[PDB]
């Protein structure tokens, strides 16, 4: 029933890419009519989920700010469930949540290498989707914890499969994208191929689609391990390979995941989420 033109107007942002060759919209500030979407989704009584992992010192450094900002900006006006995965529940920041927000926490095993902590998320998310998320929400977003919501991140971002345009490479040509370029990896993307460079910090869609995204990415991760190779950008390299083969039905502009270190150019009209400065010396314990 819902048609693209009903809520999406690409002409509002003529200076940026607003539609892909496969007809998927690239959501930029100004192109969406949230009022129409809020009414539409409210009538369907949807619930939106959000998974976030915090293992090690990532808990103390980013979890509270992430959750506090999500409570205030994520899908306001609709029921939301935050799924928090931590290795130590006693360090879980229990903040006060607002109307239509609720959550639950799970204790997970901390992988020894941070690279595996990041990649294992694909396996864990899939397990949870099958165990409960598929029965609890209509859409699910999976996000990095090292970022903070800055403004409304609403229903205009929902879709079957949603990808995030990475802030540094959104205007670059495919041959400049940092895809895994070794043919020995399952994440390999040959020069001459590729649509965009997607950021692994944010991705989502229906539970069914996210299950496939995570399952396929994890299969590639395990395959590489058997071939004694590890993708340059780990799960992100695999995520980009997946989206090349199974194109996203919706893409979010860099306004939805911005790096202020770049500054604030003309294209970034209203930032909905920003990167946290990196602090690897503290939050990571290897390589």
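Positions refer to the first chain, counted from 1. For the two forms, the rigid core is made up of the largest set of C-alpha atoms that agree within 1.5 Å on superposition.
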Higher C-alpha RMS shift from the shown form in 6 other deposited structures of this protein - 68-76 or 118-126, rigid core fit = 118-126
Higher Cα RMS in 6 other deposited structures of this protein relative to the shown form (core alignment), 164-172 or 104-112, goes to 104-112
As the entry reports it, the stretch among 174-182 and 196-204 with higher mean C-alpha B factor is 174-182
The stretch whose C-alpha atoms carry the larger average B-factor in the entry, 156-164 or 89-97, is 89-97
The largest CA temperature factor among 36, 55, 50, 257 is found at 36
Using the entry's values, work out which of 245, 59, 70, 252 has the largest Cα B factor.
-> 245
Among modelled residues of the same chain, the CA temperature factor third for residue 66 = lowest
Considering only modelled residues of the same chain, in which third does the CA B-factor of residue 241 rank: lowest, middle or highest?
-> lowest
Determine, from the deposited record, the chain-internal third of the Cα B-factor for residue 127: lowest, middle or highest.
-> lowest
Lowest, middle or highest third - CA B-factor, residue 169 = highest
Third of chain Cα B-factors occupied by residue 278 = middle
